[PDB]
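The structure appears right after this line, and notes come after that.
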Ligand code: CLA
Ligand code: CLA
Ligand SMILES: CC1=C[C@H](O)CC(C)(C)[C@H]1/C=C/C(C)=C/C=C/C(C)=C/C=C/C=C(C)/C=C/C=C(C)/C=C/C1=C(C)C[C@H](O)CC1(C)C
Ligand SMILES: CC1=C[C@H](O)CC(C)(C)[C@H]1/C=C/C(C)=C/C=C/C(C)=C/C=C/C=C(C)/C=C/C=C(C)/C=C/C1=C(C)C[C@H](O)CC1(C)C
């Protein structure tokens with residue numbers, strides 16, 4: 032069972048029970064089992080939201096090559112039906128529905144096998160075989178074997194976490210999207226590199242939204 | 029076993045973990061005697077409860093003072109209350125010392141004799157001024173909602189929360205005092221100034237806290 | 061024992077009638093702590109000059125090492141994200157945590173693996189030996205699996221460290237006397253080895 | 001701490017504390033009531 | 029047995045005995061039984077006053093428009109003086125309240141009519157008298173008590189919503205509901221106020237200042253206006 036580096040011995044709590052186990056815990060954060068279950072759920076959440084974000088930024092840049100996702104959150108940079116919208120009501124919709132689904136998944140973590148049923152229509156229920164893997168209506172095509182697909186899912190999610198923070202970091206550095214930065218590196222690879230572009234954040238310093246000013250931050254003191 | 033304030037060192041012998049907030053913090057050994065430690069437990073609780081009460085007063089008055097509601101800042105509030113109303117200063121001082129000396133002397137002689145203030149000598153009241161622990165006087169008056177007699181483990185949890193929030197408010201009140209002594213401003217003004225420039229508006233820019 | 065070449069002319073590793081901070085347990089451990097801080101000091105005092113020489117970092121940086129803000133009389137770089145005292149309080153808190161937990165494992169061996177430190181307790185279980193904790197982070201890769209390989213790596217750490225300590229003392233004396241950086245002293249000694257020495261700069 | 005208060009209970013320490021209290025009380029009286037000769 | 033969170037466990041003092049018991053006590057305020065009797069009575073009394081209040085505000089806005097219910101104490105007119113109405117309310121409510129409180133502290137001791145020795149109210153539980161207070165009952169008490177506590181909790185939330193929507197918008201509940209039906213994306217509480225670490229914005233209070241009644245200048249403040257947004 033290849034590990035994260037040659038010669039390194041995996042810890043005693045890392046065995047192969049979880050998918051994508053390379054024995055890599057140099058801080059010993061998964062030494063407690065309940066904390067390890069919580070960080071596995073957090074890994075699944077960050078992995079799936081980052082895969083959605085990478086596929087997002089990819090398609091948004093391909094289909095409409097004038098978005099520049101770093102500016103896409105503004106009210107002016109919005110699609111054709113909703114393009115001058117009150118952001119308060121949008122955040123209200125998001126807060127209510129996300130607080131609902133999030134509290135459902137949190138109670139799944141707290142009590143495994145207790146929020147499977149639909150509370151309104153009581154003849155509906157998802158069978159979750161593992162924690163973090165609901166199934167049922169969440170698996171409509173139903174390809175689930179399961180272990181190798183979970184390894185594919187966690188490797189893709191780790192790669193997409195690294196790639197999304199790459200997108201954010203690069204986009205703060207040179208002010209361009211990922212495909213535009215790829216075309217800039219393919220134009221000349223020696224000029225327009227990381228050796229030149231870093232040190233200058235393209236963060237536009239507290240954009241005034243409709244009523245308020247958000248403080249904007251760069252991950253490094255570039256300015 | 030239990031978490032100590034200073035990891036690696038063992039706790040002292042007189043701090044066992046029976047007390048709420050018992051982290052073994054006694055480097056000057058001020059409480060080796062059990063009676064002196066009992067007295068200091070009650071002094072810690074009284075200072076903590078006054079600091080929580082005063083710190084919530086500071087925070088609410090400063091929230092009302094930054095937004096234009098006309099509230100004073102807390103270093104001017106006593107002057108503008110005595111001058112806005114027709115209140116004379118020394119009569120309100122003496123009435124405060126009357127009421128506070130009554131209540132505090134009842135607490136004092138209940139520390140000296142640990143069940144004695146529930147003899148019915150005060151107006152007719154009995155077992156409503158009997159204490160429960162040192163510094164924990166819960167009856168019908170001081171604990172009207174009745175949380176110290178059901179779910180005793182949850183009551184120990186509330187004791188821990190009370191001591192932690194009290195130490196936090198004591199260092200917060202010391203913060204308000206020293207913070208105003210350096211900056212000369214209200215505390216949430218200083219909070220807004222820290223949120224404006226965190227890297228440049230802080231205690232290493234006053235010229236007071238580090239004079240180098 | 062690592063680096064035991066017998067060079068002790070003033071006799072300070074004598075176990076008989078020893079005490080205080082002059083003990084083999086304190087002296088060997090402080091020797092490797094000074095060695096590691098001086099390796100980091102030597103690399104850090106060279107690296108801006110050679111990265112400005114190679115043209116990798118810009119000319120706003122690449123300043124001499126004593127002009128960083130260590131000695132504001134000797135020069136100070138403005139362009140950090142804060143004032144150096146705002147940096148220095150973060151340094152106080154951070155180094156207080158690090159150095160102080162390291163002190164507690166020296167005085168009480170193994171004591172840093174019991175009390176809760178956000179799950180970071182198996183990382184700091186240490187060994188039955190100071191100066192070489194190991195574990196999952198201080199020795200990430202299993203390097204020194206053979207005991208003889210471990211002794212050889214400890215000896216190489218000792219020798220590279222003592223060389224770096226001599227180098228940092230040289231950076232200090234060179235920085236005071238000629239007023240320039242150490243890579244500038246490399247360029248001036250390699251250009252004219254006869255006419256640019258300590259005998260010239262008097 | 002018991003032995004430290006026993007040491008503070010010794011004769012020169014208590015004489016120092018008590019004469020500091022008595023001298024300070026007289027000094028504060030002569031400050032707030034400057035130069036009393038009668039009454 | 030349904031819960032406030034389906035799947036969790038109720039506190040150990042909440043068995044399911046009382047009506048409307050869904051295991052909701054995070055602070056543990058009902059672990060004392062002698063407290064829990066008082067709080068059950070207070071829950072019933074707050075719920076009944078709030079149900080009557082919400083019905084009063086709704087019928088008061090439907091039947092008589094152009095009367096803002098927050099100004100009902102101001103713009104009412106009667107040859108009945110204000111102190112005379114307040115005195116009648118004081119004596120009659122002191123009577124009724126002391127009868128109910130005596131039934132609380134002594135269970136079943138004020139059942140008999142004092143004027144007429146014939147009529148005695150039948151034995152019951154505290155909070156649920158019966159008799160002349162309940163001449164007609166539809167169905168069974170074991171479901172109607174649950175219906176009563178559910179409608180009452182909902183009306184308590186409705187009354188504090190009325191107070192906040194009147195202090196923020198300055199309009200009645202039906203008028204503010206039509207305001208939310210006109211622009212739902214633009215008229216919410218998220219759409220009027222926000223706090224960001226840069227700045228904070230709160231809605232202006234539409235109730236102006238101390239209100240001038242008949243030469244007394246009643247101070248009329250808006251509830252916790254510094255902690256609003
Ligand atoms: C307000 C006064 C006060 C008092 C009387 C106590 C009393 C106690 N503390 Mg508490 N403590 C306090 C404030 C106080 N504390 C604050 C503000 C914090 C947060 C920093 C703590 C954090 C703390 C911990 C972590 C622990 C204790 C513990 C204890 C108990 C044993 C220690 C002892 O014997 O010292 C008795 C103390 C005094 C007689 C008062 C000391 C006043 C000195 C002489 C003045 C100097 C104070 C400071 C250094 C400078 C402030 C001055 C300012 C103008 C700059 C005892 C009940 C231990 C315990 O077992 O809890 C139950 C324990 O583990 N305390
Ligand atoms: C003035 C008389 C005096 C004498 C005769 C001694 C003698 C001794 N001390 Mg003591 N000590 C003294 C003052 C003195 N000390 C003072 C003032 C302090 C408080 C700082 C101490 C605190 C102290 C500790 C903590 C320890 C000793 C130890 C010792 C013993 C071995 C020290 C040694 O040789 O190591 C060689 C000396 C060094 C490695 C340090 C030299 C460099 C430091 C910084 C001193 C620099 C002095 C110099 C004048 C400053 C120049 C400043 C200028 C360049 C700007 C020896 C018995 C040690 C012991 O007990 O072991 C058995 C021990 O652990 N002493
Ligand atoms: C433990 C120990 C032990 C060992 O042995 C030794 C040692 C170390 C020494 C020790 C320690 C100690 C400490 C730390 C202490 C501290 C304390 C504090 C700070 C307190 C406060 C405390 C504090 C407090 C009470 C406070 C309170 C407050 C208040 C009321 C306030 C009030 C007010 C207000 C509202 C406002 C208005 O307008 C004004 C006023 C009037 C201003
Ligand atoms: C052997 C013996 C034996 C006999 O018995 C006796 C006798 C003789 C006594 C002995 C001897 C000894 C000796 C010789 C010693 C020496 C030492 C040294 C030199 C040290 C240093 C040491 C040194 C060290 C640590 C150092 C360190 C450093 C550092 C950190 C630095 C840092 C830095 C950097 C990076 C850069 C920037 O800019 C900043 C700074 C801040 C600047």
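Chains as they are written, first to last, in the entry's author numbering: chain 5, 32 to 175, 178 to 256; chain 7, 29 to 240; chain 3, 61 to 262; chain J, 1 to 39; chain 6, 29 to 257. Even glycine gets a Cβ: it sits at the ideal position worked out from N, Cα and C.
>> Looking at residue 230 (chain 6): is its Cβ nearer than 8 angstroms to the Cβ of residue 249 (chain 6)?
In response: Numbered from its first residue, the fifth chain carries residue 230 (chain 6) at position 202. Numbered from its first residue, the fifth chain carries residue 249 (chain 6) at position 221. No, Cβ-Cβ distance for residue 230 (chain 6) and residue 249 (chain 6) is not below 8 angstroms.
>> Against residue 32 (chain 7), what residues of chain 3 qualify as contacts under a CB-to-CB distance less than 8 angstroms, listed in chain order?
In response: Within the second chain, numbered from 1, the residue matching residue 32 (chain 7) stands at position 4. The contacting residues are 175.
> How do the segment 77-88 of chain 6 and the segment 176-189 of chain 6 stand: do at least 3 beta-carbon pairs fall below 8 angstroms, yes or no?
Replying inline: yes
>> Could you check whether residue 139 (chain 5) and residue 196 (chain 3) sit closer than 8 angstroms to each other, using their CB atoms as the reference points?
In response: Working through the third chain from its first residue, we reach residue 196 (chain 3) at position 136. Working through the first chain from its first residue, we reach residue 139 (chain 5) at position 108. No; because the gap between Cβ atoms is not below 8 angstroms, this pair is not in contact.
>> Taking 8 angstroms as the cut-off, does the segment 116-136 of chain 5 touch the segment 204-222 of chain 6 (at least 3 CB pairs, one atom from each stretch)?
In response: Using a C-beta cut-off of 8 angstroms, the segment 204-222 of chain 6 makes contact with the segment 116-136 of chain 5, since at least three inter-stretch Cβ pairs fall below that distance.
>> Does the distance between the C-beta of residue 34 (chain 7) and the nearest non-hydrogen atom of ligand 3 fall short of 7 angstroms?
In response: Within the second chain, residue 34 (chain 7) is the residue found at index 6, counting from 1. No, the beta carbon of residue 34 (chain 7) sits no closer than 7 angstroms to any heavy atom of ligand 3.
> If we cut at 8 angstroms on Cβ distances, does residue 206 (chain 6) have a partner in chain 5?
Replying inline: As a working mapping, residue 206 (chain 6) is identified with position 178 in the fifth chain. Cβ-Cβ to chain 5 under 8 angstroms: no for residue 206 (chain 6).
> Between which two residues does the alpha helix (DSSP H) carrying residue 104 (chain 6) extend?
Replying inline: Your numbering for residue 104 (chain 6) matches position 76 in the fifth chain. Neither: residue 104 (chain 6) is in no alpha helix (DSSP H) and is coded neither H nor E.
> So the alpha helix (DSSP H) residue 190 (chain 7) belongs to, where does it begin and stop?
Replying inline: On the second chain, residue 190 (chain 7) is found 162 positions in, with the first residue counted as 1. Counting along the chain, the alpha helix (DSSP H) containing residue 190 (chain 7) begins and ends at 180-211.
>> Please identify the residue among 251 (chain 6), 232 (chain 6), 34 (chain 6) and 241 (chain 6) whose C-alpha is closest to the C-alpha of residue 134 (chain 5).
In response: Translated into positions along the first chain, residue 134 (chain 5) becomes position 103. Its Cα nearest to that of residue 134 (chain 5), the residue 34 (chain 6) stands out among 251 (chain 6), 232 (chain 6), 34 (chain 6) and 241 (chain 6).
>> According to DSSP, is residue 191 (chain 3) part of a helix, a strand, or is it coil?
In response: Position 131 of the third chain holds residue 191 (chain 3). The answer is coil: DSSP assigns residue 191 (chain 3) none of H, G, I, E or B.
>> So residue 142 (chain 3) contacts chain 7; which residues on that side make the cut at Cβ distance below 9 angstroms?
In response: Residue 142 (chain 3) sits at position 82 when you count from the first residue of the third chain. Ordered by position in chain 7, the residues that pass the 9 angstroms Cβ test against residue 142 (chain 3) are 226, 227, 228, 230 and 232.
> Between 162 (chain 5), 123 (chain 5), 171 (chain 5) and 105 (chain 5), which lies nearest to residue 67 (chain 5) when the distance is taken from Cα to Cα?
Replying inline: Taking the first chain and counting its residues from 1, the one referred to as residue 67 (chain 5) is at position 36. Cα-wise, what sits closest to residue 67 (chain 5) is 162 (chain 5).
>> Rounded to whole angstroms, what is the Cα-Cα separation between residue 50 (chain 6) and residue 99 (chain 5)?
In response: Within the fifth chain, the letter at position 22 stands for residue 50 (chain 6). Within the first chain, the letter at position 68 stands for residue 99 (chain 5). For residue 50 (chain 6) and residue 99 (chain 5), the distance between alpha carbons rounds to 50 angstroms.
> Looking at residue 59 (chain 6) and residue 179 (chain 7), is the spacing between their C-beta atoms short of 8 angstroms?
Replying inline: Residue mapping note: residue 179 (chain 7) aligns to position 151 of the second chain, counting from 1. Residue mapping note: residue 59 (chain 6) aligns to position 31 of the fifth chain, counting from 1. Closer than 8 angstroms, so yes.
>> Quick check: is the beta carbon of residue 212 (chain 6) nearer than 8 angstroms to any beta carbon in chain 7?
In response: As a working note, residue 212 (chain 6) is residue 184 in the fifth chain. For residue 212 (chain 6), the answer is no, since every Cβ of chain 7 falls outside 8 angstroms of its Cβ.
>> Taking 6 angstroms as the limit between beta carbons, can you name the residues of its chain near residue 246 (chain 5), skipping five residues before and five after?
In response: The residue labelled residue 246 (chain 5) in the question sits at position 213 within the first chain. For residue 246 (chain 5), where only same-chain residues beyond five positions count, the Cβ hits under 6 angstroms are 239.
> From residue 205 (chain 7) to residue 239 (chain 7), what does the alpha carbon distance come to, in whole angstroms?
Replying inline: Start at 1 with the first residue of the second chain, and residue 205 (chain 7) comes out as number 177. Start at 1 with the first residue of the second chain, and residue 239 (chain 7) comes out as number 211. If you take the alpha carbons of residue 205 (chain 7) and residue 239 (chain 7), they lie about 19 angstroms apart.
> Taking the continuous alpha helix (DSSP H) assigned at residue 222 (chain 7), which residues delimit it?
Replying inline: In the second chain, residue 222 (chain 7) corresponds to position 194, counting from 1. Start and end: 215-224.
> Tell me which same chain residues have a C-beta within less than 7 angstroms of the C-beta of residue 82 (chain 3), skipping the five on either side of it?
Replying inline: Here residue 82 (chain 3) corresponds to residue number 22 of the third chain, with the count starting at 1. Only 72 meet the Cβ criterion.
> Less than 7 angstroms between the CB of residue 50 (chain 7) and some heavy atom of ligand 3, yes or no?
Replying inline: Taking the second chain and counting its residues from 1, the one referred to as residue 50 (chain 7) is at position 22. Outside the cutoff, so no.
>> I want to verify the contact list: residues of chain 6 whose CB lies under 8 angstroms from the CB of residue 182 (chain 7), in sequence order.
In response: By 1-based counting over the second chain, the position of residue 182 (chain 7) is 154. Simply 56 and 59.
>> Check for me: the alpha helix (DSSP H) holding residue 127 (chain 5) runs from which residue to which?
In response: To locate residue 127 (chain 5), count along the first chain from 1; it is residue 96. Residues 118-141.
>> Counting beta carbon pairs with one atom in the segment 186-200 of chain 5 and one in the segment 67-84 of chain 5, are three or more of them shorter than 8 angstroms?
In response: yes
> Would residue 52 (chain 7) count as contacting chain 3 if we go by Cβ distances under 8 angstroms?
Replying inline: Looking up residue 52 (chain 7) in the second chain gives position 24. So no, residue 52 (chain 7) is outside the interface.
>> Within 8 angstroms of any Cβ in chain J, is that where the Cβ of residue 61 (chain 7) sits?
In response: Along the second chain, read from residue 1 onward, the residue named residue 61 (chain 7) stands at position 33. Output row for residue 61 (chain 7): interface = yes.
>> So, for residue 158 (chain 6): in the same chain, excluding its five sequence neighbours on each side, which residues have a beta-carbon less than 8 angstroms away from its beta-carbon?
In response: The residue you call residue 158 (chain 6) lines up with position 130 of the fifth chain. Taken in chain order, the residues that qualify are 149, 150 and 152.
> Would you call the CB atoms of residue 195 (chain 6) and residue 165 (chain 6) closer than 8 angstroms?
Replying inline: Position 167 of the fifth chain, counting from 1, holds the residue named residue 195 (chain 6). Position 137 of the fifth chain, counting from 1, holds the residue named residue 165 (chain 6). No, the Cβ-Cβ distance between residue 195 (chain 6) and residue 165 (chain 6) is not below 8 angstroms.
> In this structure, does DSSP put residue 79 (chain 3) in helix, strand or coil?
Replying inline: Translated into positions along the third chain, residue 79 (chain 3) becomes position 19. Three-state result, residue 79 (chain 3): strand.
>> Counting C-beta neighbours from all protein chains within 10 Å, is the total for residue 123 (chain 7) 16 or more, i.e. buried, or is it exposed?
In response: Looking up residue 123 (chain 7) in the second chain gives position 95. Exposed is the call here.
> For residue 187 (chain 7), which option in 33 (chain 7), 62 (chain 7), 88 (chain 7) and 48 (chain 7) has the closest C-alpha, if you only look at C-alpha atoms?
Replying inline: Along the second chain, one-based indexing puts residue 187 (chain 7) at 159. For the residues 33 (chain 7), 62 (chain 7), 88 (chain 7) and 48 (chain 7), the minimum Cα distance to residue 187 (chain 7) belongs to 48 (chain 7).
> Using the C-alpha atoms, what's the distance from residue 140 (chain 6) back to residue 146 (chain 6)?
Replying inline: Translated into the one-based positions of the fifth chain, residue 146 (chain 6) becomes position 118. Translated into the one-based positions of the fifth chain, residue 140 (chain 6) becomes position 112. Each residue's Cα considered, the two are about 8 angstroms apart.
>> Judging by CA-CA distance, which residue of 233 (chain 6), 106 (chain 6) and 227 (chain 6) is the nearest neighbour of residue 241 (chain 5)?
In response: Your numbering for residue 241 (chain 5) matches position 208 in the first chain. From the listed residues 233 (chain 6), 106 (chain 6) and 227 (chain 6), the smallest Cα separation to residue 241 (chain 5) is found for 227 (chain 6).
>> For residue 45 (chain 6), count the other beta carbons within 10 Å of its own beta carbon; 16 or more makes it buried, fewer makes it exposed. Which is it?
In response: Working through the fifth chain from its first residue, we reach residue 45 (chain 6) at position 17. Per the 10 Å Cβ criterion, exposed.
>> Any beta carbon of chain 6 sitting closer than 8 angstroms to that of residue 60 (chain 5)?
In response: Taking the first residue of the first chain as 1, we reach residue 60 (chain 5) at position 29. It does not: the Cβ of residue 60 (chain 5) has no partner Cβ on chain 6 nearer than 8 angstroms.
> When the distance is taken between beta carbons, is residue 177 (chain 6) closer than 8 angstroms to residue 39 (chain 6)?
Replying inline: Stepping through the fifth chain from its first residue, residue 39 (chain 6) is reached at position 11. Stepping through the fifth chain from its first residue, residue 177 (chain 6) is reached at position 149. No, the pair does not count as a contact, with Cβ atoms beyond the cut-off.
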